[PDB]
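Trainee: Dumping the structure here so I can ask a few things about it.
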Amino acid sequence: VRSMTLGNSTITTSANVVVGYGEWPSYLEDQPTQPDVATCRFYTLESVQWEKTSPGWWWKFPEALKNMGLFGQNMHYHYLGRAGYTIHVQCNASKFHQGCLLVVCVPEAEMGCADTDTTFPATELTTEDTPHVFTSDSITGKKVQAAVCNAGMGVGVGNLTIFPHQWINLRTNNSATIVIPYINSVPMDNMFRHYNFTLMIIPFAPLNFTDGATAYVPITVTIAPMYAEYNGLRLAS
Amino acid sequence: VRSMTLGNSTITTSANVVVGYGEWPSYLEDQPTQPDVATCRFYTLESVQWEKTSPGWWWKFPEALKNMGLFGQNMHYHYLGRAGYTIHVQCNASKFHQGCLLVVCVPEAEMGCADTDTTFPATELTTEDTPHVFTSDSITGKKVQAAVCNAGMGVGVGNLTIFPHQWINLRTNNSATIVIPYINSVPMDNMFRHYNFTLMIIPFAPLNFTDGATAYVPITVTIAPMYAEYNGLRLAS
Amino acid sequence: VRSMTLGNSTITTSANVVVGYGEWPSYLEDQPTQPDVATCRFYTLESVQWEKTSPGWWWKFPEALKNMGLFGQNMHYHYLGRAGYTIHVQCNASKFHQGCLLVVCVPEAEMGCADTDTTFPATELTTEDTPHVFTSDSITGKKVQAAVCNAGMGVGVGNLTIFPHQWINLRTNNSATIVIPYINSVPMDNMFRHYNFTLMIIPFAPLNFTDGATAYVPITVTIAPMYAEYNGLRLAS
Amino acid sequence: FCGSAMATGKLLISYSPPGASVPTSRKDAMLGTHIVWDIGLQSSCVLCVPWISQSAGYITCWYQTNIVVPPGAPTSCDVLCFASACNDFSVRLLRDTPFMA
Amino acid sequence: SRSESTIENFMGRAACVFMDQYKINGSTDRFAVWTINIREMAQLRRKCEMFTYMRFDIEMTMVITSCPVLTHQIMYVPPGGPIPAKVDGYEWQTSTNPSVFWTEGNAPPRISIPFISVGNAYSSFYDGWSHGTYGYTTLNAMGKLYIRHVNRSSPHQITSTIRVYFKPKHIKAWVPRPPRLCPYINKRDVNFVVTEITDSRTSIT
Amino acid sequence: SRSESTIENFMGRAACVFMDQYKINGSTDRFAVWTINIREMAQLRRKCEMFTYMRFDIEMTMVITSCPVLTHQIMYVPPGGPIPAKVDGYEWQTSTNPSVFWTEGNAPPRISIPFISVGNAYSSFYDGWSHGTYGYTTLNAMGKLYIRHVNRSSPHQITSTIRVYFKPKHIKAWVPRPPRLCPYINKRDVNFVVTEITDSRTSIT
């Protein structure tokens with residue numbers, strides 16, 4: 001039950017870590033300044049209530065870390081940047097609870113609008129800290145088509161296991177760890193207008209319990225931006 | 001005419017440096033965090049208009065660096081701190097200008113109120129970036145007794161040459177450099193409520209010129225907090 | 001799950017043993033006779049019913065072993081004596097039970113009478129095998145002031161962790177073992193009129209459970225007098 | 001943590017330095033010196049606070065995660081705290097206690 | 001840095017443990033008794049009640065005033081010593097009972113008492129009986145301190161007040177004990193009123 | 001040849017820094033207080049104001065007169081000590097507060113106080129705030145000096161005057177400072193009237 005510290009933060013943590021595409025995050029006219037101190041500290045988001053009827057959730061990064069301290073602060077100051085995003089998901093469920101989650105990262109998860117003719121106004125995709133829930137049936141309007149069985153992208157939700165993923169089976173384990181080594185074509189991009197990957201958590205087997213147990217299971221997401229670097233503000237020589 | 005850079009700032013700079021009391025600033029339950037990156041960068045204050053009738057100026061540090069970027073920002077975050085304060089004064093005067101300045105630092109320069117019976121309300125001592133001028137005659141009210149011939153402290157202004165000082169004689173040199181190695185009894189103090197030293201600039205020989213020259217001489221003060229360190233925010237082991 | 005035998009008795013027994021003040025019981029005109037055979041055997045007291053409303057219990061030794069076989073029998077025959085008292089406390093609680101006990105020994109635990117003006121008549125302190133319970137509120141009469149928040153002694157019950165103590169947290173462990181190496185000024189004292197220490201068991205977090213579980217948790221106390229010795233009855237040479 | 005062995009959850013213990021203000025939300029407490037203490041995993045959480053000498057530090061606790069419990073175990077739990085010296089404590093000028101009159 | 005947190009630095013310092021007066025001429029008001037105990041001063045009692053067993057030597061310094069040249073006898077009887085019942089009782093002349101003869105104007109008298117217990121340490125707490133009486137043992141008995149004017153008489157009426165300063169020396173303590181929460185009711189027993197653990201607070205936050 | 005120009009030879013010499021009287025029988029006029037500061041005497045204040053930071057030990061010698069044998073208690077409270085509000089206040093009996101008991105006719109009493117500051121040196125000047133109040137810090141706090149007659153009463157009325165001689169010992173000073181030009185207005189602050197640099201002259205020649 002080793003607990004790892006990192007910065008001024010510490011989290012308590014089946015030590016099975018999934019490294020996205022087998023590559024670990026690394027560094028790299030042009031002059032990048034990298035802040036090793038801070039940024040790397042764990043940023044624990046608010047826990048989500050997983051219930052019998054919960055269809056799913058998704059977060060879009062780096063924009064989900066918009067208000068998370070110095071890392072979000074750096075996003076405003078620096079035009080360009082890149083990071084590595086260790087993600088810890090800890091279900092925290094009792095033995096008498098049953099369920100199964102897919103924790104998957106899906107880089108460049110372009111989503112489709114509900115009303116096909118028109119496009120969504122830029123805030124149906126993402127709010128910073130709060131997740132966006134999926135839906136059980138089709139929806140209409142100028143919001144993202146958030147129906148599971150398609151995961152908002154038009155692909156099947158069953159064969160969405162090709163991305164960096166982890167399975168949380170409350171029977172076996174309650175934890176997940178995924179490492180996402182900055183997948184992008186350009187070496188640096190603007191964090192505000194570009195979403196590198198979309199952490200979405202989808203229950204394949206729904207939560208179930210008997211009448212005495214707690215009606216929910218709170219899922220906690222923790223993000224540590226690893227090897228974050230930006231552009232150089234100061235003049236070259 | 002060597003120009004020294006420091007951080008993202010550069011100033012162009014008679015390379016005679018006065019080290020206060022012959023000691024150079026140095027470092028040091030208790031755990032101090034020191035920020036080497038930033039802070040040390042030169043903080044150039046607004047230039048002051050030196051005229052025939054100008055009696056003097058004073059700044060109180062560290063409180064004069066209250067709004068100067070990260071150093072002033074750190075003062076809010078950290079309860080305790082200490083710094084070293086290289087001070088550059090560059091008169092920038094023509095050959096046809098005459099005058100003589102005393103640039104002196106005066107640690108723990110406690111000042112006296114004009115109306116002796118009552119005390120000043122805490123803002124007659126210091127405003128952050130703007131200096132406080134002396135006066136030519138006695139004054140009355142709840143403000144600092146700012147009459148030169150006493151320098152606000154009750155001592156004679158002539159024998160105020162015992163502190164770390166430099167003489168700027170426009171005939172000889174227009175520059176001054178003083179280093180003040182954090183004079184204090186306690187090793188760390190609260191920057192907001194304690195004034196470590198008072199940089200005061202006093203014209204002994206007044207500015208003089210003929211009718212064609214500029215009616216003033218602008219004096220530029222530049223402060224670099226050296227070896228600044230603070231207290232440790234994070235929990236000990 | 002090693003079970004240790006001792007004499008004609010055997011008990012089944014987190015092998016964390018607390019040795020009182022880091023000293024193990026040892027031996028020593030005057031001629032002491034020590035009975036190695038017998039005496040050392042475990043003397044299991046009657047179990048106590050721990051409930052939601054149970055405030056605490058205390059035993060006074062050696063007088064609690066007054067009727068416990070040969071050890072109690074020796075107390076009558078021999079004027080002087082000393083012993084070492086390994087104490088085993090085994091809560092025996094289910095996983096679905098929650099609670100926290102302080103098992104502490106408190107040498108020379110002088111107690112105060114309820115009615116301050118008058119003193120108790122010598123039997124409010126101790127009955128041999130049966131424990132004395134604390135009370136939740138103040139009491140009146142000629143009995144020991146048995147209100148927890150003071151433990152009968154006038155000190156605070158929270159900072160009563162300075163004596164030889166053990167914590168029984170039903171979440172973690174259900175057992176306690178304390179060794180008390182005969183704390184006394186005189187090397188031998190009369191067991192009948194002197195109480196060497198007072199084993200008191202105090203619930204800090206109360207017992208709690210749901211409706212199907214057993215309404216109580218029985219706490220079992222086991223005492224083995226180690227290295228007991230007495231005075232010599234027979235004439236010297 | 002003095003709750004049932006079947007219970008689990010997370011509590012966020014945040015320490016704020018003497019100069020800093022007390023956090024108002026769990027998010028502002030997370031953006032500082034804190035430790036997310038998993039109650040189901042480990043039952044004890046130790047932290048040594050520096051700069052305690054003579055506006056001091058504040059230690060707070062927040063529900064990161066509600067106490068998840070099976071049908072058999074009781075929902076309400078208790079937490080005990082233990083303060084002690086962190087192996088220094090130099091004391092210099094002895095005076096009289098302000099407790100006894 | 002914690003040198004002053006030692007037992008000698010903590011326990012060992014003189015305190016004015018006994019104030020009394022005694023007239024020179026006129027019955028039982030002509031001398032002062034003070035059976036020696038550590039339970040007299042409430043401030044010194046709280047310190048000695050942090051340890052179950054203590055072992056120390058005693059150095060006392062009497063401070064005598066008055067209201068001829070006055071000479072005072074401070075007679076210390078050991079725990080088995082004969083006690084006077086009158087100022088002129090023969091027990092003042094006992095050789096066994098050491099006494100100082102101090103005349104006024106000189107440095108105050110100082111008498112030093114060793115560890116005189118029968119056991120190996122004084123007990124701050126005794127959970128047991130004398131037979132009897134609870135909480136009392138004869139092992140932590142330190143004697144009495146009988147003080148009088150050796151002068152036969154005076155034409156004027158003279159009343160002399162004496163202050164006794166009690167300083168433990170070479171202190172050794174065993175078995176730490178929590179400091180007392182409740183106030184003291186009586187000087188002989190340990191009886192208390194149920195008091196609150198700590199001052200209250202508006203909420204838990 | 002400049003041996004006497006050292007700080008010890010300059011600063012270290014005893015001066016009569018406190019004159020006060022206190023009656024023996026009759027309220028608040030029966031004892032003397034004198035919070036210890038270097039700003040009492042104007043001649044000694046000018047010397048301590050040549051250095052920003054000073055570090056020294058204190059040796060005081062009280063000189064007590066009067067107008068029975070009189071005994072006086074000079075009680076020194078440390079900077080955290082309880083202060084008496086009446087002559088009979090319990091705070092006189094505190095063990096923590098060291099006190100001397102001097103009876104009249106003997107050599108005058110002498111008490112020595114170490115460097116008791118929390119910081120590393122006493123401050124002659126403090127440019128800063130307590131929060132508040134300007135120029136005041138609790139780092140250069142040296143305690144108080146409560147003085148009374150230990151005698152309960154006297155038939156006559158006795159008034160005793162005490163002189164305190166303050167001598168710094170093992171002086172260490174830092175950061176020289178110009179000597180003060182203007183006179184002193186108040187004993188707590190540094191406020192002054194604008195004075196001339198030097199006495200005038202008829203001409204420049």
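Residues are named by chain letter and number: chains run A, B, ... in the order of the structure tokens, numbers start at 1 in each chain, and ligands are numbered from 1 in the order shown.
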Report as number ranges by chain all protein, DNA and RNA residues lying within 6 Å of range 90-107 of chain C, evaluated on only C-alpha atoms, omitting residues in the same chain fewer than 6 positions from it.
Mentor: C: 163-170, 174-175, 196-209, 219-220; D: 2-5, 73
Trainee: Least-squares fit on all C-alpha atoms, paired in order: put chain F onto chain E and return it as a short mmCIF file (atom, residue, chain, number, x, y, z; two decimals) with C-alpha atoms, in the first residue's frame.
Mentor:
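Resulting contents of out_6.cif:
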data_model
loop_
_atom_site.label_atom_id
_atom_site.label_comp_id
_atom_site.auth_asym_id
_atom_site.auth_seq_id
_atom_site.Cartn_x
_atom_site.Cartn_y
_atom_site.Cartn_z
CA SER F 1 18.72 23.44 23.10
CA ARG F 2 16.46 21.61 25.55
CA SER F 3 18.88 21.78 28.49
CA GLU F 4 16.34 23.69 30.59
CA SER F 5 13.69 20.99 30.02
CA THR F 6 15.55 18.65 32.39
CA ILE F 7 14.04 17.60 35.72
CA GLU F 8 16.65 19.50 37.75
CA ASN F 9 15.98 22.71 35.82
CA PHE F 10 12.21 22.11 35.96
CA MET F 11 11.67 20.86 39.52
CA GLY F 12 14.66 22.43 41.27
CA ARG F 13 13.84 26.03 42.14
CA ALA F 14 12.91 27.58 45.46
CA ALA F 15 9.30 28.50 46.24
CA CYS F 16 7.74 30.16 49.28
CA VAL F 17 5.87 27.11 50.55
CA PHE F 18 4.99 28.22 54.10
CA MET F 19 3.99 31.57 55.61
CA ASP F 20 3.44 31.77 59.35
CA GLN F 21 3.95 34.04 62.34
CA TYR F 22 4.69 33.37 66.00
CA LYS F 23 4.61 35.74 68.98
CA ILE F 24 7.45 35.99 71.47
CA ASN F 25 5.53 36.29 74.77
CA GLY F 26 2.04 35.65 76.09
CA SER F 27 0.36 29.46 74.20
CA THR F 28 0.31 27.48 70.95
CA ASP F 29 0.66 30.68 68.88
CA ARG F 30 4.29 31.12 70.00
CA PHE F 31 5.73 28.63 67.48
CA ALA F 32 5.18 27.37 63.93
CA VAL F 33 4.91 23.72 62.95
CA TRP F 34 4.55 22.99 59.20
CA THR F 35 4.72 19.23 58.70
CA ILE F 36 6.91 19.02 55.60
CA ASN F 37 5.01 17.95 52.48
CA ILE F 38 5.09 18.64 48.75
CA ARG F 39 1.30 19.19 48.71
CA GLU F 40 1.34 22.67 50.30
CA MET F 41 1.71 25.01 47.31
CA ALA F 42 -0.72 24.33 44.47
CA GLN F 43 1.83 25.42 41.86
CA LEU F 44 4.58 23.14 43.21
CA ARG F 45 2.09 20.31 43.75
CA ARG F 46 1.17 20.23 40.06
CA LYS F 47 4.84 19.73 39.16
CA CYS F 48 5.53 16.94 41.68
CA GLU F 49 2.34 15.19 40.48
CA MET F 50 3.79 14.64 37.00
CA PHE F 51 5.97 11.83 38.39
CA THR F 52 4.89 8.85 40.45
CA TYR F 53 8.21 8.37 42.28
CA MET F 54 10.66 11.16 43.12
CA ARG F 55 14.03 11.14 44.88
CA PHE F 56 15.61 14.42 45.95
CA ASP F 57 17.44 16.22 48.73
CA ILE F 58 15.91 19.27 50.40
CA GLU F 59 17.54 22.67 50.91
CA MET F 60 15.37 25.10 52.89
CA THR F 61 16.05 28.80 53.44
CA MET F 62 13.95 30.53 56.10
CA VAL F 63 13.17 34.26 55.87
CA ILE F 64 12.33 35.70 59.29
CA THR F 65 11.12 39.24 60.02
CA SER F 66 9.84 40.99 63.15
CA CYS F 67 7.70 43.92 64.24
CA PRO F 68 17.15 43.98 71.82
CA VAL F 69 18.73 41.51 69.39
CA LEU F 70 16.34 38.69 68.47
CA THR F 71 17.57 35.11 68.10
CA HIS F 72 15.43 32.38 66.52
CA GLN F 73 15.66 28.58 66.72
CA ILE F 74 14.52 26.59 63.69
CA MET F 75 14.32 23.02 64.97
CA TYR F 76 13.85 20.18 62.48
CA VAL F 77 12.56 16.89 63.85
CA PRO F 78 13.21 13.72 61.82
CA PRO F 79 10.18 11.56 60.93
CA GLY F 80 10.59 9.66 64.21
CA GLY F 81 11.34 12.71 66.34
CA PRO F 82 9.62 14.05 69.46
CA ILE F 83 7.34 17.02 68.77
CA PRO F 84 6.97 19.90 71.25
CA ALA F 85 3.47 20.74 72.46
CA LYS F 86 4.50 24.00 74.17
CA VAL F 87 7.17 26.64 73.56
CA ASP F 88 8.99 25.55 76.74
CA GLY F 89 8.62 21.81 76.10
CA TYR F 90 11.72 19.72 76.77
CA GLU F 91 11.63 18.49 73.16
CA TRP F 92 13.41 21.67 72.01
CA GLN F 93 16.54 20.54 73.87
CA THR F 94 16.78 17.17 72.09
CA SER F 95 20.25 16.61 70.65
CA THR F 96 18.90 14.30 67.93
CA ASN F 97 16.72 17.05 66.41
CA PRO F 98 19.10 19.34 64.49
CA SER F 99 18.35 23.04 64.88
CA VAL F 100 19.86 26.29 63.64
CA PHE F 101 20.29 29.37 65.83
CA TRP F 102 19.89 32.50 63.73
CA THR F 103 20.15 36.03 65.12
CA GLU F 104 18.57 38.91 63.25
CA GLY F 105 20.54 40.98 60.75
CA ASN F 106 22.71 38.19 59.31
CA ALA F 107 22.22 36.27 56.06
CA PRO F 108 19.11 34.08 56.32
CA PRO F 109 19.57 30.59 57.77
CA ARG F 110 19.86 27.60 55.45
CA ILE F 111 19.36 23.96 56.41
CA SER F 112 19.77 20.96 54.10
CA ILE F 113 17.86 17.69 54.49
CA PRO F 114 18.97 14.47 52.74
CA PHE F 115 16.77 11.72 51.29
CA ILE F 116 15.36 10.48 54.60
CA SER F 117 12.73 8.04 53.35
CA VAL F 118 12.72 4.38 54.33
CA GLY F 119 11.95 3.27 50.78
CA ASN F 120 13.88 4.09 47.63
CA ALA F 121 11.79 7.08 46.49
CA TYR F 122 9.08 9.44 47.65
CA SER F 123 5.62 8.62 46.33
CA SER F 124 3.49 11.36 44.82
CA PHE F 125 0.60 8.87 44.58
CA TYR F 126 -0.19 5.88 46.80
CA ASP F 127 -3.00 3.57 45.68
CA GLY F 128 -3.43 1.62 48.89
CA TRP F 129 -4.25 1.56 52.57
CA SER F 130 -2.34 2.13 55.79
CA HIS F 131 -4.02 -0.76 57.64
CA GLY F 132 -7.42 2.56 57.48
CA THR F 133 -6.80 5.75 55.49
CA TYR F 134 -6.48 5.75 51.70
CA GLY F 135 -3.66 7.40 49.79
CA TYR F 136 -1.37 7.84 52.81
CA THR F 137 1.95 6.09 53.39
CA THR F 138 4.72 6.70 55.91
CA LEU F 139 7.41 6.27 53.24
CA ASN F 140 7.04 9.85 51.97
CA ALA F 141 7.33 11.41 55.42
CA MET F 142 9.87 14.22 55.63
CA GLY F 143 9.52 15.56 59.19
CA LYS F 144 8.36 18.78 60.79
CA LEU F 145 9.91 22.24 61.25
CA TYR F 146 9.35 23.83 64.67
CA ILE F 147 10.35 27.50 64.87
CA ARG F 148 10.42 29.79 67.92
CA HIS F 149 12.14 32.73 69.58
CA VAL F 150 14.90 31.52 71.91
CA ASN F 151 14.51 34.77 73.86
CA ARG F 152 12.79 34.29 77.21
CA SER F 153 10.73 37.49 76.97
CA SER F 154 10.59 41.04 75.65
CA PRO F 155 9.05 44.18 77.19
CA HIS F 156 7.34 44.98 73.89
CA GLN F 157 5.13 42.57 71.97
CA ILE F 158 7.07 41.12 69.03
CA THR F 159 5.46 39.08 66.25
CA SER F 160 7.85 37.35 63.86
CA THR F 161 6.74 36.07 60.46
CA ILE F 162 8.74 33.32 58.75
CA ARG F 163 8.81 32.33 55.08
CA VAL F 164 10.18 28.91 54.11
CA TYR F 165 11.76 28.42 50.68
CA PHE F 166 11.75 24.79 49.57
CA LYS F 167 14.18 23.79 46.82
CA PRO F 168 14.57 20.15 45.72
CA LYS F 169 18.15 19.12 45.04
CA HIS F 170 19.62 16.31 42.93
CA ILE F 171 16.13 15.44 41.73
CA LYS F 172 15.49 11.99 40.27
CA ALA F 173 12.04 11.06 38.97
CA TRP F 174 10.36 7.95 37.60
CA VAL F 175 7.16 6.91 35.83
CA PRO F 176 5.81 10.01 34.04
CA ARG F 177 2.21 10.97 34.72
CA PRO F 178 -0.27 13.26 32.96
CA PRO F 179 -0.62 16.77 34.40
CA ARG F 180 -3.67 17.31 36.56
CA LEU F 181 -6.74 18.70 34.80
CA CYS F 182 -9.06 19.45 37.73
CA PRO F 183 -8.37 21.94 40.55
CA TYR F 184 -7.38 20.84 44.04
CA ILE F 185 -10.04 20.48 46.74
CA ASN F 186 -7.98 19.38 49.76
CA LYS F 187 -4.29 19.18 50.61
CA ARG F 188 -4.34 15.56 51.86
CA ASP F 189 -6.42 13.65 49.29
CA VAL F 190 -6.70 13.54 45.50
CA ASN F 191 -10.44 14.28 45.33
CA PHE F 192 -11.70 16.42 42.47
CA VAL F 193 -14.75 17.89 40.77
CA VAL F 194 -15.45 16.62 37.24
CA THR F 195 -14.10 19.35 34.94
CA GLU F 196 -14.18 19.77 31.17
CA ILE F 197 -11.24 18.56 29.08
CA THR F 198 -10.72 21.92 27.38
CA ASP F 199 -12.35 25.28 26.78
CA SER F 200 -15.30 25.06 24.42
CA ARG F 201 -15.57 26.23 20.81
CA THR F 202 -18.46 27.44 18.68
CA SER F 203 -18.21 24.65 16.09
CA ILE F 204 -15.84 21.94 14.90
CA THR F 205 -14.70 24.28 12.12
#
Trainee: Leaving out range 51-64 of chain D and any residue of its chain fewer than 5 positions from it, which residues lie within 6 Å of it when counting only C-alpha atoms, given as a PyMOL selection string?
Mentor: (chain B and resi 29-30) or (chain D and resi 10-18)
Trainee: Those same residues, written as a PDB file, in the first residue's frame with N, CA, C and O atoms?
Mentor:
ATOM      1  N   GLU B  29      11.179  21.383  11.763  1.00  0.00           N
ATOM      2  CA  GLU B  29      11.317  22.619  12.519  1.00  0.00           C
ATOM      3  C   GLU B  29      11.313  23.819  11.580  1.00  0.00           C
ATOM      4  O   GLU B  29      10.272  24.433  11.348  1.00  0.00           O
ATOM      5  N   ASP B  30      12.480  24.139  11.030  1.00  0.00           N
ATOM      6  CA  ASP B  30      12.640  25.244  10.095  1.00  0.00           C
ATOM      7  C   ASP B  30      13.165  24.702   8.775  1.00  0.00           C
ATOM      8  O   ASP B  30      14.095  23.888   8.762  1.00  0.00           O
TER       9      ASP B  30
ATOM     10  N   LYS D  10     -12.222   8.439   0.865  1.00  0.00           N
ATOM     11  CA  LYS D  10     -11.063   9.318   0.816  1.00  0.00           C
ATOM     12  C   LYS D  10     -11.354  10.628   1.525  1.00  0.00           C
ATOM     13  O   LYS D  10     -12.420  11.225   1.346  1.00  0.00           O
ATOM     14  N   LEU D  11     -10.387  11.068   2.323  1.00  0.00           N
ATOM     15  CA  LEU D  11     -10.431  12.342   3.022  1.00  0.00           C
ATOM     16  C   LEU D  11      -9.181  13.130   2.665  1.00  0.00           C
ATOM     17  O   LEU D  11      -8.081  12.574   2.615  1.00  0.00           O
ATOM     18  N   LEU D  12      -9.355  14.424   2.412  1.00  0.00           N
ATOM     19  CA  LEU D  12      -8.270  15.294   1.973  1.00  0.00           C
ATOM     20  C   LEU D  12      -7.886  16.200   3.135  1.00  0.00           C
ATOM     21  O   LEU D  12      -8.657  17.083   3.524  1.00  0.00           O
ATOM     22  N   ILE D  13      -6.694  15.981   3.680  1.00  0.00           N
ATOM     23  CA  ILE D  13      -6.180  16.755   4.803  1.00  0.00           C
ATOM     24  C   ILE D  13      -5.253  17.817   4.237  1.00  0.00           C
ATOM     25  O   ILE D  13      -4.234  17.491   3.618  1.00  0.00           O
ATOM     26  N   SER D  14      -5.590  19.085   4.456  1.00  0.00           N
ATOM     27  CA  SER D  14      -4.846  20.200   3.887  1.00  0.00           C
ATOM     28  C   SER D  14      -4.253  21.039   5.007  1.00  0.00           C
ATOM     29  O   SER D  14      -4.947  21.384   5.968  1.00  0.00           O
ATOM     30  N   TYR D  15      -2.970  21.358   4.878  1.00  0.00           N
ATOM     31  CA  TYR D  15      -2.266  22.217   5.817  1.00  0.00           C
ATOM     32  C   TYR D  15      -1.970  23.539   5.129  1.00  0.00           C
ATOM     33  O   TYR D  15      -1.389  23.558   4.039  1.00  0.00           O
ATOM     34  N   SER D  16      -2.360  24.639   5.764  1.00  0.00           N
ATOM     35  CA  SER D  16      -2.118  25.952   5.195  1.00  0.00           C
ATOM     36  C   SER D  16      -1.058  26.674   6.005  1.00  0.00           C
ATOM     37  O   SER D  16      -1.144  26.704   7.240  1.00  0.00           O
ATOM     38  N   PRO D  17      -0.052  27.254   5.358  1.00  0.00           N
ATOM     39  CA  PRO D  17       1.047  27.896   6.092  1.00  0.00           C
ATOM     40  C   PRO D  17       0.545  29.080   6.898  1.00  0.00           C
ATOM     41  O   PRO D  17      -0.556  29.589   6.640  1.00  0.00           O
ATOM     42  N   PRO D  18       1.316  29.540   7.893  1.00  0.00           N
ATOM     43  CA  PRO D  18       0.793  30.583   8.798  1.00  0.00           C
ATOM     44  C   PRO D  18       0.334  31.849   8.093  1.00  0.00           C
ATOM     45  O   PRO D  18      -0.698  32.420   8.467  1.00  0.00           O
TER      46      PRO D  18
END
Trainee: Dump as a ChimeraX atom specification the residues of chain D that approach chain C to within 9 Å, counting only C-alpha atoms.
Mentor: /D:1-7,43,71-80
Trainee: With a distance cut-off of 9 Å and only C-alpha atoms, select the neighbouring residues of residue 1 in chain A, excluding the residue or stretch itself and same-chain residues fewer than 4 positions from it, and output the selection as a list in words.
Mentor: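 Near residue 1 in chain A, the qualifying residues are residues 12 and 13 of chain A; 41 and 42 of chain D.
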Trainee: Name the residues of range 1-197 of chain B that come out as alpha helix (DSSP H) in a backbone DSSP run; write them as a ChimeraX atom specification.
Mentor: /B:69-77
Trainee: With N, CA, C and O atoms retained, could you export that selection as a PDB file, in the first residue's frame?
Mentor:
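After the write, again.pdb holds the following:
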ATOM      1  N   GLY B  69       6.527  42.592  -9.331  1.00  0.00           N
ATOM      2  CA  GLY B  69       6.486  41.249  -9.895  1.00  0.00           C
ATOM      3  C   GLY B  69       6.503  40.125  -8.877  1.00  0.00           C
ATOM      4  O   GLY B  69       5.821  40.170  -7.848  1.00  0.00           O
ATOM      5  N   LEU B  70       7.298  39.093  -9.180  1.00  0.00           N
ATOM      6  CA  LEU B  70       7.309  37.887  -8.358  1.00  0.00           C
ATOM      7  C   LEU B  70       7.858  38.157  -6.963  1.00  0.00           C
ATOM      8  O   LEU B  70       7.398  37.553  -5.988  1.00  0.00           O
ATOM      9  N   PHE B  71       8.846  39.048  -6.843  1.00  0.00           N
ATOM     10  CA  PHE B  71       9.397  39.332  -5.521  1.00  0.00           C
ATOM     11  C   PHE B  71       8.330  39.925  -4.611  1.00  0.00           C
ATOM     12  O   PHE B  71       8.171  39.500  -3.460  1.00  0.00           O
ATOM     13  N   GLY B  72       7.589  40.914  -5.111  1.00  0.00           N
ATOM     14  CA  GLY B  72       6.463  41.425  -4.352  1.00  0.00           C
ATOM     15  C   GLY B  72       5.383  40.379  -4.168  1.00  0.00           C
ATOM     16  O   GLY B  72       4.725  40.329  -3.126  1.00  0.00           O
ATOM     17  N   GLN B  73       5.176  39.541  -5.186  1.00  0.00           N
ATOM     18  CA  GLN B  73       4.185  38.475  -5.083  1.00  0.00           C
ATOM     19  C   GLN B  73       4.562  37.478  -3.995  1.00  0.00           C
ATOM     20  O   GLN B  73       3.701  37.038  -3.221  1.00  0.00           O
ATOM     21  N   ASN B  74       5.842  37.097  -3.931  1.00  0.00           N
ATOM     22  CA  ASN B  74       6.299  36.166  -2.902  1.00  0.00           C
ATOM     23  C   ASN B  74       6.068  36.723  -1.502  1.00  0.00           C
ATOM     24  O   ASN B  74       5.810  35.965  -0.560  1.00  0.00           O
ATOM     25  N   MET B  75       6.165  38.046  -1.346  1.00  0.00           N
ATOM     26  CA  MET B  75       5.981  38.655  -0.031  1.00  0.00           C
ATOM     27  C   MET B  75       4.603  38.333   0.541  1.00  0.00           C
ATOM     28  O   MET B  75       4.459  38.131   1.752  1.00  0.00           O
ATOM     29  N   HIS B  76       3.583  38.272  -0.316  1.00  0.00           N
ATOM     30  CA  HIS B  76       2.248  37.897   0.138  1.00  0.00           C
ATOM     31  C   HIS B  76       2.177  36.421   0.518  1.00  0.00           C
ATOM     32  O   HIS B  76       1.617  36.069   1.563  1.00  0.00           O
ATOM     33  N   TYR B  77       2.736  35.544  -0.320  1.00  0.00           N
ATOM     34  CA  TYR B  77       2.615  34.105  -0.091  1.00  0.00           C
ATOM     35  C   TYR B  77       3.401  33.646   1.132  1.00  0.00           C
ATOM     36  O   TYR B  77       2.904  32.837   1.925  1.00  0.00           O
TER      37      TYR B  77
END
Trainee: Tell me as number ranges by chain which residues belonging to chain D come within 8 Å of chain F, counting only C-alpha atoms.
Mentor: D: 94-96
Trainee: So how many Å separate CA of residue 50 in chain B and CA of residue 216 in chain B, to one decimal?
Mentor: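 A separation of 5.3 Å between them.
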